Each structure stands twice: as C-alpha cells, then as structure tokens.
Amino acid sequence: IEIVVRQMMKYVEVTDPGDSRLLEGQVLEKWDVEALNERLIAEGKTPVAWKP
Amino acid sequence: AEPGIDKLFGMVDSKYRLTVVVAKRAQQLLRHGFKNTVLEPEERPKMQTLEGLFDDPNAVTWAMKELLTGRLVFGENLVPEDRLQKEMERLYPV
Amino acid sequence: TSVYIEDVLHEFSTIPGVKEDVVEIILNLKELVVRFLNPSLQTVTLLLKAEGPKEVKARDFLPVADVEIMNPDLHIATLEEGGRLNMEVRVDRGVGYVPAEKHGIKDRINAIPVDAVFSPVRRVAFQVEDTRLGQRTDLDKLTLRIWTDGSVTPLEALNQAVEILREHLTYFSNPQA
Amino acid sequence: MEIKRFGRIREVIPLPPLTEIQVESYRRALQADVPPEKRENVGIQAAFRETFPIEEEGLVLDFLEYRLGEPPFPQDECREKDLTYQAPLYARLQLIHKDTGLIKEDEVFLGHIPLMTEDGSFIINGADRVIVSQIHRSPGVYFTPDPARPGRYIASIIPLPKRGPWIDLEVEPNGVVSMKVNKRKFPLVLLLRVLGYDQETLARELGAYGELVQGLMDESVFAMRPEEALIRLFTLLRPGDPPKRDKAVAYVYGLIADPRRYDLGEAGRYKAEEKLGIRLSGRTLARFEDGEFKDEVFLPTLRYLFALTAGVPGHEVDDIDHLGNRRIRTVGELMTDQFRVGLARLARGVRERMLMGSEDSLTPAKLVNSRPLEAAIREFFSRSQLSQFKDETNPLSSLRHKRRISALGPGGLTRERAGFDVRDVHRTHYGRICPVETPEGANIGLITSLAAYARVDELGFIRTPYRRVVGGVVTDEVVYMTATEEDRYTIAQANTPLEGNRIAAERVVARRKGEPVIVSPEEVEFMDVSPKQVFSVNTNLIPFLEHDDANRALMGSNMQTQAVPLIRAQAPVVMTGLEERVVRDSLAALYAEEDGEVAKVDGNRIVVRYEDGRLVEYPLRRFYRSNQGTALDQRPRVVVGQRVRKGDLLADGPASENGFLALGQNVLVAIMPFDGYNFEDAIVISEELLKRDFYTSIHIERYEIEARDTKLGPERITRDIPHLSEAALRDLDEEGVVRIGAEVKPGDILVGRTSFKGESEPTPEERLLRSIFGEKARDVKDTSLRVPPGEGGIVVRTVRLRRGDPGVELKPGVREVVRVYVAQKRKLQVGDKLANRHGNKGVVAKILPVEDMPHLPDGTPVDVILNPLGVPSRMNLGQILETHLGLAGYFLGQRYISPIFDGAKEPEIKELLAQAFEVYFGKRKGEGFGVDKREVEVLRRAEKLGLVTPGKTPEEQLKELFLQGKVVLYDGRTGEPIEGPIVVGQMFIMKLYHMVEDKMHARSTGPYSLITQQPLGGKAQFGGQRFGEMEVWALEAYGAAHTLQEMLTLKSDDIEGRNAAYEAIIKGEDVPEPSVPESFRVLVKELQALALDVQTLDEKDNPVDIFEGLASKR
Amino acid sequence: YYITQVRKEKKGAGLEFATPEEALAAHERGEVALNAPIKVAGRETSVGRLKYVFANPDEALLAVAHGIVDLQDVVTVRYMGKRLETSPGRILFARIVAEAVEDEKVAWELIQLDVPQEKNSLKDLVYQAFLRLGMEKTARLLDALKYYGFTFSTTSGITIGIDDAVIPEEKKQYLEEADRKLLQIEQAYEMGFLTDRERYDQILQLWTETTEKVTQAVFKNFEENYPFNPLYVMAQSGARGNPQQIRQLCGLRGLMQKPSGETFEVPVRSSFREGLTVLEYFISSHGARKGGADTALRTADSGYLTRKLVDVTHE
DNA sequence: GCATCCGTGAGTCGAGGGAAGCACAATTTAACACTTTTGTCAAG
DNA sequence: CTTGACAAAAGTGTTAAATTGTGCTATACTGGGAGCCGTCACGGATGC
Ligand SMILES: [Mg+2]
Ligand SMILES: [Mg+2]
Ligand SMILES: [Mg+2]
C-alpha cells in the first residue's frame, strides 16, 4: 500500500517558476523539480517553488 | 525442492544472480558437451534408464551441483567474454 | 471376450427382428457364465443360431466339448417373427478386468471386442468371532464367505487364493544384498 | 421394486403442458388450422391487417386471406440435408384501380414460414433451435417518483418495443409541465392545445387539485389556433425543416396517432385502461379523425399525474420490476414482430413499384416482392440472440431450454448495463418465476426459468394458480391470476393443515402483497395449489429441497441439465414425482395413442394394433446424434402381443427408465475422507462401476468434408491419395470414404481427398532430391480428412450429398459433401465430472479396485466415496437425507417419491431405516453370525463419542447407528474397520457433459494468425494457450525475465526466433536469443498508418531499423 | 486435529481417593472412566496417566496398535527424558515432525504439544520450520504432514449424518422466550407507547439476540456433549465451516433481507436439518440472489482496480 | 454551479459461428503456325 | 571431350474472340428516412 501511495504522491505542481522555464501551475514529477532546484542552486539561481 | 537450494540462495547476494550463474554454467556445459565439468566421475548426476544409469542430460542439474561443490567462480568483470570463450574452446575443444 | 453377429458391423447398430440392440445383447453376454471342464482349454467359440419368434437364452448355444453354461436361463435376446440371430461368442480364460480397448480381440473383420471381467468370484466377506479355548478368551474365529458365479466353486477359489499368497510369500526368500 | 410415496398435500390440478409456452404461442401466431374467415386479429393475421391495404393515393393493394401449405420436406429430411423445416406462405391480394374501379385478384407466394415441431423447437438450416421467451417492461402508463427532487412524480408512456417513442410528462420547478420526446423537451401545453383543448376544458377537468392546473394555464398559446400550434410543435420536434402544414400534420400523426408507426399493444392498452380508468378506442396516444386530433391518453395521464402529486388516496406509484408490470414475449410474439417488420419493408417496395410502371397493367404478383419478408424471417430465426442453438444433452435439457426466460436480446437489457434491481428476485416472482434457478455469473438474474405451474396469458403476463378459499373451506376452484391481481388477496400456504377441506390450523401463514403474515382461517381468501408452483421443473426434481441452501440448489438444478444419457441409466431411488411428467412432456419417449395390442416389436420400429383396428407403425429414433454429440436412441419396452392401454409406455427415450427420468446411476456412497483422493470436491469411485458399465455413455461426432471446384481443377474424393501406403488406406472403401464399422484412431483417414497443387516451381533442394530419386512430381496433394488428436471411435454413418440431389442446396462451387458420424462408447474415467441433484459436484480423481474400496460387513463394497467436508460449508443437507433414505431403500428394495417441502421427514426415514436394519441384521442372524469383534471395537468408540447409548447390547447399538444412517464400515486395504461409523447409503449421481476427453489439449507448433502471426486459439483449431496480461504480471513478479521474453517472442510471434528455436531443439542445441516480435512491427506500421512517426532509437539516438531494411526505400 | 485432540470423560469426574491403588481398583470396577479427571491424593490426574506409563513412544504406539489404548487417551510417556502426560496421538505428531525434519530437538522446540493441531498452530509450525531449517526441510515437513493427515482423516471415521447437526434443547426455550417478548412488544405497541420504527428496531434487536443465543447454545452443546462431532471438529480445526453456517445447519437460519434491503419482521426459525418452509425458502432466495449478483459484479471492479494498481506501479 | 462531453468498466476456456440495357471502341486472352534453344543419342 | 543430326519444350509474331470500359438514351419529374429509453452510471476535464 505504501508503494502504491508513493506512486500516487509522485507529482508536484509549480507555484513560483523562479529562474527556470517552468510555468506556474505546471504539474511535473517531484524528482525532476528537486534535480532542477539543486542544479539552479549549483549556479546560484532562484529555486523553483513547488507544492505537493 | 531442488537439492541444496538453501545453500545456493545463501551463496549469492541476490537470487536472480544465482539463477543467472546456474543458467550460464548450464549453457557452458551444453556447448562443450559436459567436458568442461568440475565434477568428479563419482559426482556426475545420473539418470536411471531401462538400459542402465547414464549421465544426466539436464545441464541445469549439473550446473546446480557444480555450484554446490564450490569449484566455480562467479562474479562481474572477471574475464573478457571473447577471451573467456576462446580459452574455454582451447582447453575443451568441441 | 469377443462377439460377432452376422450382418452386423459395429455394436452401435440394431438387428432387424430383434428387440434389443447390439449394445444390450453385449451387456447380456457380459453376464454369461461359462465353465471350462478342461484345465488346458484357453479359448472357446459358442455358436448361436436362432429364428423368431422366440426368447433366445443362454441354453440356445450349440453344445461344445469340455464347456458348460452355468446359467442356461440367462436371457440373451427376444427374436420377433421374421428376425434371425446368427452369432459367434469367443470366450477366453484370464484374470482380472481387461477392457475391450486393451485386448482388442476380433476373430474376424466384423467381430466386436467385449470388455472382459474374468473374475469368477462375485463377493467375499469374512467374519471374526470371540471364540474361547481353555482359559484364554481373546482368540479369533475366522469365517470366510465366498459367493462365486458357479464356474469355479468357492473351495477352489479359496485354494487358489491360498496358493497365490503362499507363492508371494516365497518371494521373501532370496535377499539381493 | 415398489415405490413408497410421502406427502400430505393433495394437488387438485396436474402440471400444465410444460412446453405450452412455445407451442400455444406459435399456434396462435400462425393460426394455420382455423379457417381464414374465423381467424382472429392476432399474430401474422394482425400483421397483414395492419400493413395492408397498401395505397399509393388510385392503386390499392388489399389483403383478403393467407394460407400455409404443407412443408416441402419432412423434419428428418430437413435435418439430414441441412434444410429449414418450413411451410410455404401464400397471400391472397386484390389490386383495385380507384379510377377504373376494377379488381384483379391472385395468390402471391410470400415465402416460407418456419414451422415448430411437436416438441416446441424449430429446424433452422438443419439445426434444432429454441426461441427463448423474453421478459421486458410491459407497455402502458407508469408513474414513477423523481429521484433528484422529492415529492414529485414523472409519467412515462411506453409503447411496444420499436413501436413509438417513450413519452415523458414531468412537473418542472417553474410549474410548467414538460413533455419529453426523442431526447427533446417541450411544453406539454403546446401538444395539449394541438389536441383541441381549450382553457375552460383544462380548468374544469384538471382544475380540482391546486396550483398544478395553474401551471397548465398558459394563455400565450391557448388563443393560438390549433394549426399554427401544430406547426410550432413540429418546429420544436424537428427544427430546420421548412414549416409546412401538410408535413407538420403528417409528422404529428405519425408520432402520436399513427397505428402503423405507434403501437401501444394489447397489453399496453389493457394496462393503460386498468390504471387510468379509461377506455382506449385503439392502441395509439391520439386519434386523427375529421382532419383533427382527438386525445386518447394524454389527458388521463396528466390527470393521474396531477392527482398523484397532490396526494389523492386512490393513486400510487408503479413498481417497474413488479411482475404485473413485466411481460413475456414468447416465440409467437417475436416471430409476429419480425414478420410485421418484413411486411412493412414489402409494403415499401410495393408502394415504390406502383408509383412507377403502368398503373393500368399491374398485377398484385408483380408489385409484391417477398424477398424482404423472407430476409427478415430468416434473420430472426438464424441471427437473433433469442434464437439459440437447442440444448438437447438430455430431454430435461431441451425441456428447460424451452421454458427459459431471458431479459436480454433485441429490445431487452444488456449483460453489463444491468444493475442489481433488474437481477433481484422480486416478491411477485413467487409462483411465476423460479427464484433459485439462474445461471451464476454475468447472467445471474438476467436469465431465469418459468415456474412449474405458471403460464403466460394472452397479454404476456405470467399467471399462477390459486385455490379459492371461502368461509374457511378450501375449494377445488382454481383461479389462474397475475401479480397485480394477486396483490389484492390474502393467500395462504399450501402446507396449511386441513381437516378434509376446512382449514384446521387456527393460525395460518399467509402472504399479503408478498409480505408474510399470520391470519385466521376466515381471513384467508386463496391458497397455494402446491409447493411445486414456486419452483421450476429442474428445481422440482431435487428431493429434500428444503434442506439445501439456495446457492447449491441453483447448482444442482443447473447441472441436472448437463447430465448425459447412459446406456444403463436408472431413475433415482428418491424421486419428487415429476420424472414421469418430464419424460412424458419431453416427447422423447413413445406412448400408445389408445388401447390396443402390440403387433410387432423391433429395435427399429413398433407396430401396434389399436382397438379400432388400424395398424400404427412408430419408427424408433436409434443412435441419433444430438446437438451436443450425445446419442439419442429409443429402446422398445413392450413385447409382441402385449396389451397396452391409452398412454402406456412403448419405448424409453434418452435418459429414461420405464418412463421415469434417468439422468444417472444409483450408487452406494460412503461419506468419508479417503487418502486425500476426496480432497477439495474430488470423487473416488470403484472399478466395479466400470466393470458393470455404469456411467457409460455413447457420443457421436460429425466430421464434414467438401469436394469443391477450383481454378486449378476440381477436388476429387478418391481412394487414390498420392504417397500413402496400403496401411493408411486399409479402411477406406473404393469411393475414398472410410467403411462403416471401422475403428478410427487419431491420424486415421476418414474421407480421402486430393487437391490440385498451386503452380509453383520447387525449391532447388527438392528438385535435386527428385532428380536423385527419379520421381516426377505429381499434380495433386493430400487434403483428406483425418481424425483430430484425442478423438476417434467407430464409424457408424456415412452421408454423401451430391450437387443436383433432390433438396440438397449446396453452396456454389461445391461438387459434393461427405459427413462421417463416428460413435464412441465412453466409460467413466479420471477427470470426468460427476454431480448430484443437491449441488455436490466433482471430478473423478481415483478409480480403485473392488478390493480397495470400503465394504459393508456382509462384503458389499461401496461404489463412490464422498468427502464430508463439502457438506458444512455448502449447507446442502438434502444429500445426507437422500443418502439415508437410499440406504433404507437399498436394504428394503424399494424406491421413494418425496415431493419437495412435503415429503419424507426424519421420523419416517428412521422407521424405514428400522425396517432396513431389521432385514439386514435378521439375514445375518439367520445365517448364524453374531457381532464382529471389529464391530464391537467400533461400537466402543461410538459410545465414547456418544453416538450409542451405553449399557445396550451390540445389536441394539448397531440398530441405533443404522437409525442415525451410519454403519460399521471396513477398510478394504487393511481389513480393520473405520474407527467411526460411516454414513453409507444409496445416492443418485449424474455423469455431466464436461469430460476430460473433450477438454484435454496440447500443442507444440501449429496454425498462426494472419496479421499478428501469433498462434490461434481453441482446441478445434489446434491453438495455443492465451498468456494474457495477468500471466505476464505473474512472470514479472517472479522475476523470470527470460521465460517472459520467450513466451512473448520465441513461442508466440518471433517468426525467425520460433523457426530457429524449433530447428535448434530438433538438432539438440539450445534455442537462440530471440528478436523483436512481429506484433511490435504491426503496431509500428499501424501507428505510421495513423501518420505518427514512430522511430526506434539506440544509445546515441540514431534510428535502429527493426524491419531489416525491407521497408527502407533504397 | 483428530489425532492431536484428547478425550474427556464424565463417569468418574471428581472422586477423591487416598492411594493410587484405590483409584485403579475403582477403575476396574467401572465406577470411574479412563480419561475422567480425578484426584488421587491431592493432585488432579486421570486413570489413564496412572494405569499406562510408557517408557518411550515406541511402547505407547505398540500399545495403541494392540488396542490397549487409543490415540486420544491421555497417558504418561517418557519422551526426551521428560515424563510427559499427553496422548499417543500428540506423541505421534511429535515423532512425525521430528522424522520430517530429521532432528528431534529442533522439532520438539517447534511444536506445541499440549494443544490440538488446528489451522493456526500448523501454520505457525510451517513458518517456524521455514525460519529454522529452510525451504527443503519445510517442504519435506509439508509432505509428511500431508501424508499423515490424509491417512488419519481416512482411518478416523469422519462422516456427516443428519443427526450430526445436533439440535440444542435450548432452541425451543429461546424461541418461546422470543415469542413471549414479541407478544409483549406487540401489546405495548397496541397501547401506543412506541411507534412503528422503534417497534421494528426492537423486533430486529430481539431476533438478533435470539440468533446469537442460539449460536452460543449450539456451540456450547457441541463442546460439552459432542466434542468430536464432525461439524464441531471441522469448525474448530479450521478445516471447514464457520459458526454462522453451523448455526444455519443446527440452530436457526435467522433474519433475511428484502430486495430493497429491509429485513423481514418474521425470521426463519427453522434450520436446514429441520427443513425450511416454502415461504422461508422464497424469503432466503432474495438474499441468495443479492449475494450472487454482488459476487458477479465485484469481480470486474476488483480486476479493474488490480489493473490500475499494476499499471501505476509496474516500473 | 452546472452543463456537456468523454472514457471506463476481471481472467481463461469452448461452441457454433461460416435502372437497364445497347452500341461501339479498347484491351486482354487464347490460339496458332513458325523459329528456336534445350535436352538427348550416336558414335569419333 | 567433340561434332552431328534431331524430338521437343520454349519462346515469338499475328489474329479472331471474349472480355472490358465508355457514351448515351429528349414528355415531365426538383429537400431523406429511420427513427423510437430499463436512454448505463460515474468520475475527470473543459468551459462557460
Ligand atoms: Mg463373468
Ligand atoms: Mg454459467
Ligand atoms: Mg500400569
């Protein structure tokens, strides 16, 4: 059940694009936005704000 | 159950690695006509036929028994595939 | 074991002038009890030639040497006027139940194999009573009751069973080790 | 073997003809015997009087009468030549030229009407078929509550199926009553005005309820003339068409006033008059007369709706599942409906032909084209859902199939779109539809069976009989009555005690509107005829039904249909009393027409001399193959010179013993576990059953081959097949067909056929082979018919139909057809399915020798061993009581008739068991035998279990055990007794049609699909096993990646992969690595056909060609 | 379960003595039964444990073979150096497990000797064997258990008769009490102290309470008077059946629901052994059809959910 | 807040299921004497 | 290993015959017809 719920909670929604090309309200995967955020922090850019 | 199945499962970190090793050893045994076996003549698997006892034709049984004996080395990046096949052909012509 | 009826190719057919079909006639024949008076006799063929109108029974078979029909009153078929029954019944000697699909005996082209139940013994029971002898009261009284079709008497069947058990007990004599 | 009858309920009336629902309905539909001038306006006569006269409007085609001729061929000839048993239908028609006033009359051949056989079935294309009756919502006027909004009601006017649109009347929140037709809502005010209704009329009639009439007083259109109101309504119903008076009046008249397009039906009209308290002149919502529309039902419907909304005491909502609101379309009504559709198409053709051509020089024969009528009729009798392949495994199977009622079919519900409500057992099913008999699964509740005493009336409503009760005495007056009429009376139960005819019990269990109540004898108005009327024919054949759970009684009744006839079939020891009636009404057995003497008895015919002196010869159906392959033969049961009375049995039909239904064998059953061979419903049987040919059936298989015309030459059915030895052709006769009586095994030739080979040069290796052996390639190849794997038997019949034979309508290009009937005698074997009437079923898992089976102390072995653990979970205790009564009868040499819910009770069974023990132990005592030592041990154990009373003698304890149905049973393997007494009795067990012989199938390689190249499916096609999605999921969960890849590629559709794998295996090598499946290539090509660029890439995103360069343009 | 369940007697059941010789002598006189719980001097024992003291399982099973004692008789056995007081059936089960696993000590540590072997105990034994030994020995133990269970269920004498569905004497009294309470409720309703809905609820509660009491009475009768009853043994061991089905066979069928969902005021007071009436059978048909339709329409929903779950977590 | 539109609804198995002419121009096919090549048989 | 014919199976032109494709017919004719509720129920998404 936890595996299935983990699949259920796999996605997030953008609230503030920050210094990225994403759109506010866009739905993507949590891993993708986390990787994008860490990359943006790597070169000193505004992180993407997301919502579970 | 297969004989010594618990020991076979305990000899590897993942059961699918055990299956891969057994299948690859069985294919090696089939390709060279069981002449590359590490089993002594008293250890070769046998089947009862109307004529009499003969060598077991099932290579998976031979591979499992060989893996039980512990004279086989299994792992990743041991030897190059081409070199391994060439040396196995040279030592065991077929 | 086998039956051949003239002008009949298989058992799934009906004979003109005969009330019963060949399946029913074969079923009736399966209840025929034949006793061989010669121990060396292994196979007999009984010929039956009947013309209607009559009730052809087991007593209408032609007499054969060293062969007896233990149930002459067994009903075989009912022949209507204008009907004829010419048939040959091959009776073999054997042991156990051999289906017609196993032996497959056909004396001729149109012979019909018949499932053969060679066992003459119809029923066996045995009864144990609390007999007493002397001062001990735990003894057993054994009573074997044997019902047989009549071809083999119950005493003969008991003797054969005892001999078979003795022969099988002799198999424990020579150890192969 | 005497029969002892139990029960106290005296049935006043016998069971009605069980097939009357088919026979009477079709007789009414056809009316072939009543003279034309006395024919009533029903059935195809009604269809003729409805579609005719045909007027172009001065050509008028009037219908005067019709007649049905004798069938061209008899039923046997139709079956043998694959024909349809039908009668020619001619119509007498006159063409009137209104201009000249001249009439020309001639008889036109309208076609062929399929005929119903005496048993109630049809022969369509040589195959027996049954038209299953369809239950549906009766037409009429209904008033249902609105679910979205409480306190509101909606009125539905429903015509006959495909005979007009449903009419919805709903009081909207605004207050305007809205009429919904054809998904379109409009104000009912407009149509009500179109029907010549003014404001004062509405205020006077519907104005006595409240504001509801005020919602129907819109004066914006009341003053508007009826003509413009009609045009406005026409604009509402179909917007866009140019508003014209003629078109609009035609459309409205067709929608609500045309008898030829709107038909409320006789049942619908009757229900409308009964509910609304009015009298319809016709069967239409309105009448069109004097150039104006007159209302028939809209005002009464709206008045009832308004009064119901107001809350008058006398008006109530309608339960749409109430069986008084649900009606039955039998074979007659369905055939009449399809005949009317075909007649309407024919009328269209006749109208279009009289428009053209010389109106002066026209005859009724030229105008009438009967092809559409024949097309509609053949479509109904062949490709209809309700026209089902007849189920004739045994006579009970056909009897059930003729009494089945299906909610599905054209005009009914859908298997998946049907909810729980339509599938539930309504309270009105009591006595009309069997509650327990229904196919479990997707069709539960959708298909049911007519009750035993139930009959469908003229209008299609199922009626059940009740005995009139007046003043406390139950009279012999029986009233057949419907559910809506049944709801008005207090109906007692058939088991109510009676002192003669007076009701003796002070408290009577009764039903009031389906609810159980306790009433006084003076409050009872009707009584049930018998407990049998509640259940169908199949369920009435289950003794001790009151001790079986309904879920298992369902299974037992369903499996009674699947039992195969046996060569030694015998009627059950415990019967219910319907076996004789089932055999008699199935028309499988033969009975004497009147008193007489039998003149000739033969396996093929019975010739009887009746009292009047006429010789009557009845041929006997011998070894006939049913639709399911079972052998249906009649065996004579009389002798020459025997005196027979009227109705006396002459010959048993299939599955009948002396006129009693015999679906199986009566076997000695011990209820006890046995070495795990009884595990999970498995059954253990003795070899003695096979020795004396019990559960042995005869099955006939039909193999068909055709010799055809081909461009290369004609296929020849000949014995000279190229490249075959004499051993293969040994059993073939000179004509190339297998000789009758030959024993054929799988791979043996039935009919030898050679076909011309396609012109194609051989492969060079074949050419070199032929040159080496010096053998010239022949022009023909073996295409002969051989026995499929797992089949065979004895060739019992050969039928050869040739082109030009009388009545043989072969398809074009087919020179001849040969059919081989091969009969095999199947004995009971491991994997065969046995069952009993109480829902206990299982496959034979072990066949023991006689010396291994448990045996009685007298030496009698048991025949079947059943696992007791199947009893507690299933709660079918009727099998236990049947076993006890069977033990009693077995030792008493008698059979029993115990009717369901009124029959043998436990005290009676125990007294019978006391008599049985008396004989069974008196035999032992007279023979000079006491009590066994091992019997004493079992008695000691039993008194430790409290089964027998301590302190009694061993004989008395054995008697107690026998009265409990248990005996001291011995183990044939050890000779020691079973430690506890075992329930041993005689039980009736049926051998079902499901046999492992017809179900075992295996395949290595075989045919493949055309597109996907995957293996076909089905044992008949030698197909593979479907490895669906869930199996793939199981392999993925196991982690068997390579097994999954093999099943997906190497064994299904990798053409190169499968070829290489087979070649490697036959060479003793390991199968190669698989490749891309052909299904993926098909997927890619289809996606490309959808203009989608699907490209397979590599690690470096470069395209990878999976088509081997065969689709790349250079 | 049949071999590992012990016998209980009632003949003696309580007499006290001074010396074991007096208890024995009372046993040969027929005053006390073999398995009846008695007190010798201060301790509570049985005649079986004193009369039959076996030096090893071999002697106990030899005595069983000679008919001296049964597998269910509680006797004293010297096993693994301990003077156990168990039945030869339980000692036999211990030997079965020991020979299946080829280790006496581990098998002794794996089993619960002092209880009959129901489904749960056997499942725990299989799990512990899997933990301690592996797949091979667990499969061997499973095969041994299968063999011995089949053999003993065959030779034991389990059968289903009409009298095996014992009707408790308490059912008639409970039905009379329910009828009297129903008459009292009807009188109260005629007096107007309660409305239709609460009267219907009280009727339902009364009939549910009566059904529960009848179930308890059925199972109490089984566990007191017929501990080896086939229905009771099958239910207790977990082989087949549940208390509801045993009640329907032995007690009363109970309340049934209308097709709309409402329960009929009158229950089905007759069981399957007594036989339902036509009206009661028709009433039960509603629930049977409802259950069948529910099962028919539940498979599609379950399969569709399973496919959704597969396709969301397949990766 | 509701209205409308759309896609979804277990698996395996079997069993039978299976307005029309009429004239005329092109075009294709069949057939038919003739030249071939293609096998053979004869000796050198 | 070669010519030196030669029966024959194959290939090659025209032709008469079926076979197939196309045009044309002159009283006047000028907007279809099968539809038809146990409308399947219920979430998800769009969009007014
Ligand atoms: Mg015999
Ligand atoms: Mg079904
Ligand atoms: Mg002692």
# chains A, B, ... in the order shown; residues from 1 in each chain; ligands from 1

call {"tool": "residues_near_ligand", "arguments": {"ligand": "ligand 3", "cutoff": "10 Å", "atoms": "only C-alpha atoms (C1' of nucleotides) and all ligand atoms", "output": "JSON, numbers by chain"}}
result
{"E": [24, 47, 48, 49, 50, 51, 52, 53, 54, 76]}

call {"tool": "write_last_selection", "arguments": {"atoms": "N, CA and C atoms", "output": "PDB file, in the first residue's frame"}}
result
ATOM      1  N   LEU E  24      -7.211 -47.079  40.888  1.00  0.00           N
ATOM      2  CA  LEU E  24      -7.178 -48.143  39.891  1.00  0.00           C
ATOM      3  C   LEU E  24      -8.304 -49.142  40.126  1.00  0.00           C
ATOM      4  N   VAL E  47      -7.135 -41.644  35.329  1.00  0.00           N
ATOM      5  CA  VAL E  47      -6.765 -43.053  35.428  1.00  0.00           C
ATOM      6  C   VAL E  47      -5.823 -43.446  34.298  1.00  0.00           C
ATOM      7  N   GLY E  48      -5.958 -42.813  33.132  1.00  0.00           N
ATOM      8  CA  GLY E  48      -5.083 -43.144  32.019  1.00  0.00           C
ATOM      9  C   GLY E  48      -3.626 -42.830  32.297  1.00  0.00           C
ATOM     10  N   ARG E  49      -3.363 -41.712  32.976  1.00  0.00           N
ATOM     11  CA  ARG E  49      -1.986 -41.318  33.247  1.00  0.00           C
ATOM     12  C   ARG E  49      -1.323 -42.224  34.276  1.00  0.00           C
ATOM     13  N   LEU E  50      -2.107 -42.835  35.161  1.00  0.00           N
ATOM     14  CA  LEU E  50      -1.559 -43.721  36.181  1.00  0.00           C
ATOM     15  C   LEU E  50      -1.455 -45.161  35.699  1.00  0.00           C
ATOM     16  N   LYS E  51      -2.482 -45.645  35.002  1.00  0.00           N
ATOM     17  CA  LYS E  51      -2.512 -47.038  34.578  1.00  0.00           C
ATOM     18  C   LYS E  51      -1.481 -47.311  33.492  1.00  0.00           C
ATOM     19  N   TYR E  52      -1.309 -46.378  32.561  1.00  0.00           N
ATOM     20  CA  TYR E  52      -0.456 -46.580  31.393  1.00  0.00           C
ATOM     21  C   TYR E  52       0.687 -45.572  31.435  1.00  0.00           C
ATOM     22  N   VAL E  53       1.864 -46.039  31.839  1.00  0.00           N
ATOM     23  CA  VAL E  53       3.088 -45.251  31.817  1.00  0.00           C
ATOM     24  C   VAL E  53       4.033 -45.940  30.845  1.00  0.00           C
ATOM     25  N   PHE E  54       4.312 -45.287  29.723  1.00  0.00           N
ATOM     26  CA  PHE E  54       5.105 -45.874  28.655  1.00  0.00           C
ATOM     27  C   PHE E  54       6.532 -45.346  28.701  1.00  0.00           C
ATOM     28  N   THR E  76       0.779 -41.466  30.241  1.00  0.00           N
ATOM     29  CA  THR E  76       2.104 -40.978  30.600  1.00  0.00           C
ATOM     30  C   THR E  76       3.154 -41.648  29.721  1.00  0.00           C
TER      31      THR E  76
END

call {"tool": "residues_around", "arguments": {"residues": "residue C:78", "least_positions_apart": "6", "cutoff": "9 Å", "atoms": "only C-alpha atoms (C1' of nucleotides)", "output": "PyMOL selection string"}}
result
(chain C and resi 17-20+52-57) or (chain D and resi 639)

call {"tool": "residues_around", "arguments": {"residues": "residue C:37", "least_positions_apart": "3", "cutoff": "9 Å", "atoms": "only C-alpha atoms (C1' of nucleotides)", "output": "ChimeraX atom specification"}}
result
/C:40-41,65-68

call {"tool": "write_last_selection", "arguments": {"atoms": "C-alpha atoms", "output": "PDB file, in the first residue's frame"}}
result
ATOM      1  CA  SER C  40      -5.820 -76.837 -20.716  1.00  0.00           C
ATOM      2  CA  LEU C  41      -8.685 -75.147 -22.600  1.00  0.00           C
ATOM      3  CA  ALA C  65     -16.937 -80.356 -25.556  1.00  0.00           C
ATOM      4  CA  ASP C  66     -15.494 -79.572 -22.107  1.00  0.00           C
ATOM      5  CA  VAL C  67     -17.662 -76.429 -21.949  1.00  0.00           C
ATOM      6  CA  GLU C  68     -20.688 -75.832 -19.722  1.00  0.00           C
TER       7      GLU C  68
END

call {"tool": "interface_residues", "arguments": {"of": "chain F", "to": "chain E", "cutoff": "9 Å", "atoms": "only C-alpha atoms (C1' of nucleotides)", "output": "PyMOL selection string"}}
result
chain F and resi 9-11

call {"tool": "residues_around", "arguments": {"residues": "residue F:14", "least_positions_apart": "5", "cutoff": "12 Å", "atoms": "only C-alpha atoms (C1' of nucleotides)", "output": "PDB file with N, CA, C and O atoms, in the first residue's frame"}}
result
ATOM      1  N   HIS D 994     -19.346 -32.509 -19.143  1.00  0.00           N
ATOM      2  CA  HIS D 994     -17.983 -31.990 -19.146  1.00  0.00           C
ATOM      3  C   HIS D 994     -17.020 -33.135 -18.860  1.00  0.00           C
ATOM      4  O   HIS D 994     -16.929 -33.613 -17.725  1.00  0.00           O
ATOM      5  N   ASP D 998     -12.875 -34.417 -23.958  1.00  0.00           N
ATOM      6  CA  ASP D 998     -13.146 -33.282 -24.828  1.00  0.00           C
ATOM      7  C   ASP D 998     -12.434 -32.010 -24.392  1.00  0.00           C
ATOM      8  O   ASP D 998     -12.531 -30.996 -25.090  1.00  0.00           O
ATOM      9  N   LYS D 999     -11.720 -32.034 -23.266  1.00  0.00           N
ATOM     10  CA  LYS D 999     -11.094 -30.836 -22.731  1.00  0.00           C
ATOM     11  C   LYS D 999      -9.575 -30.875 -22.717  1.00  0.00           C
ATOM     12  O   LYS D 999      -8.955 -29.808 -22.685  1.00  0.00           O
ATOM     13  N   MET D1000      -8.960 -32.054 -22.740  1.00  0.00           N
ATOM     14  CA  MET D1000      -7.509 -32.130 -22.800  1.00  0.00           C
ATOM     15  C   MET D1000      -7.019 -31.644 -24.157  1.00  0.00           C
ATOM     16  O   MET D1000      -7.545 -32.045 -25.198  1.00  0.00           O
ATOM     17  N   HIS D1001      -6.007 -30.782 -24.143  1.00  0.00           N
ATOM     18  CA  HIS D1001      -5.449 -30.246 -25.374  1.00  0.00           C
ATOM     19  C   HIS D1001      -3.993 -29.888 -25.134  1.00  0.00           C
ATOM     20  O   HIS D1001      -3.631 -29.435 -24.046  1.00  0.00           O
ATOM     21  N   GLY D1017      -6.255 -19.752 -31.315  1.00  0.00           N
ATOM     22  CA  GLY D1017      -6.804 -20.191 -30.051  1.00  0.00           C
ATOM     23  C   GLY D1017      -7.922 -21.189 -30.258  1.00  0.00           C
ATOM     24  O   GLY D1017      -8.693 -21.104 -31.213  1.00  0.00           O
ATOM     25  N   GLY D1018      -7.999 -22.140 -29.345  1.00  0.00           N
ATOM     26  CA  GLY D1018      -9.049 -23.140 -29.402  1.00  0.00           C
ATOM     27  C   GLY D1018      -8.487 -24.515 -29.715  1.00  0.00           C
ATOM     28  O   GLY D1018      -7.584 -24.669 -30.545  1.00  0.00           O
ATOM     29  N   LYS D1019      -9.025 -25.528 -29.034  1.00  0.00           N
ATOM     30  CA  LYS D1019      -8.630 -26.902 -29.315  1.00  0.00           C
ATOM     31  C   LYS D1019      -9.041 -27.323 -30.720  1.00  0.00           C
ATOM     32  O   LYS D1019      -8.330 -28.101 -31.366  1.00  0.00           O
ATOM     33  N   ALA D1020     -10.175 -26.813 -31.208  1.00  0.00           N
ATOM     34  CA  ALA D1020     -10.651 -27.184 -32.536  1.00  0.00           C
ATOM     35  C   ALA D1020      -9.677 -26.743 -33.619  1.00  0.00           C
ATOM     36  O   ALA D1020      -9.483 -27.451 -34.615  1.00  0.00           O
ATOM     37  N   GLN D1021      -9.060 -25.578 -33.449  1.00  0.00           N
ATOM     38  CA  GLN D1021      -8.099 -25.051 -34.407  1.00  0.00           C
ATOM     39  C   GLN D1021      -6.669 -25.460 -34.092  1.00  0.00           C
ATOM     40  O   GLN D1021      -5.746 -24.999 -34.770  1.00  0.00           O
TER      41      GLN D1021
END
